[PDB]
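All remarks here apply to the structure that follows.
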Amino acid sequence: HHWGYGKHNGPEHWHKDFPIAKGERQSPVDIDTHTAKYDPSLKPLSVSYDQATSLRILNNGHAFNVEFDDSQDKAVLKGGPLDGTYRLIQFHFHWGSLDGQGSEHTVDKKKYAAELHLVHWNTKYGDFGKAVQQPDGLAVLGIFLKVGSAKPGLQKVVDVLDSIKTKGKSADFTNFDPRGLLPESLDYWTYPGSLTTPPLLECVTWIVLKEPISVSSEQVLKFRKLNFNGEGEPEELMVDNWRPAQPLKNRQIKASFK
Ligand SMILES: NS(=O)(=O)c1cc(C(=O)NCCO)c(SC2CCCCC2)cc1Cl
Ligand SMILES: [Zn+2]
């Protein structure tokens with residue numbers, strides 16, 4: 001039946017329902033750090049999350065989303081490679097069954113334990129659903145996670161996961177500050193790509209930070225206790241919910257640094 005990450009419905013099957021899976025600007029990609037060229041014309045990124053209003057956390061059967069009120073200009077991304085203003089709508093993660101895999105992007109073929117995606121939509125198109133129909137509709141800030149020291153700012157998310165164990169469960173999640181998930185440096189790579197989940201639309205400017213954040217083994221172990229299945233169905237741990245790297249094709253990855 002429906003797409004997922006399992007034995008029979010995972011990434012290698014998605015093209016049959018979503019032929020753009022084999023398109024010309026698919027994500028994620030391996031970032032070859034020696035080939036990415038420093039681009040002096042990029043700007044510092046502007047991440048303005050001071051007025052971010054979180055509302056709720058949802059297990060959607062693929063990952064979990066932390067949702068924001070995007071009905072006004074509050075939490076916005078701009079600058080860097082972007083023109084105009086992009087509003088935060090949600091964040092989620094991809095992660096592995098073991099610490100040696102889980103990220104979607106890779107760096108010189110290195111896999112991180114997990115990757116955080118902060119999803120934003122371009123306010124010139126009025127709403128998220130119109131934005132995903134445009135080549136410059138979305139901007140995703142991607143952040144790698146390695147296992148080491150705990151990330152204090154992640155603990156509020158970790159502790160609510162037992163309340164949204166299974167697909168379709170949600171919980172109130174107000175007053176969460178996403179600034180606590182950022183690394184110290186905003187040095188980044190950028191390229192034109194796609195959603196990494198069906199429908200795989202080619203509507204995303206990717207901005208991938210170079211500096212990972214560190215989370216503890218105990219924090220990532222709580223992610224791995226979530227379930228892909230619904231309540232009362234046989235348990236399928238939510239692990240390995242990442243799409244592998246796709247062909248770069250006719251694209252350049254640009255560096256904001258060096
Ligand atoms: N992994 S990613 O490329 O950052 C990305 C993921 C999703 C997303 O939440 N996917 C889960 C299955 O729908 C969404 S929202 C989703 C996709 C379009 C229709 C609305 C649901 C947007 C992005 Cl950019
Ligand atoms: Zn994602």
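Counting starts with 1 at the first residue shown.
Method of determination (from the header): X-ray crystallography, 1.2 Å.
Each Cβ is built from the backbone N, Cα and C atoms, and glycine gets one as well.
For the Zn(2+) site that Swiss-Prot gives as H92, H94, the extra residue drawn from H117, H120 is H117. In this structure, the C-alpha atom of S170 (phosphoserine) lies 23 angstrom from that of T196 (substrate binding site).
Those same-chain residues not listed among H92, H94, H117 yet with C-beta within 8 angstroms of the centroid of the Zn(2+) site C-beta atoms are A63, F91, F93, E104, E115, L116, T196.
In this structure the alpha carbons, written CA, of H62 (active site, proton donor/acceptor) and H94 (Zn(2+) binding site) are 9 Å apart. Taking a C-beta cut-off of under 8 Å and a sequence gap of six or more, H117 (Zn(2+) binding site) has these contacts in its own chain: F91, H92, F93, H94, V140, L141, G142, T196. Around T197 (substrate binding site), the C-beta neighbours below 8 angstroms that are at least 6 residues distant in the chain are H62, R243. Using a 10 Å Cβ-Cβ cutoff, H94 (Zn(2+) binding site) registers 26 neighbours.
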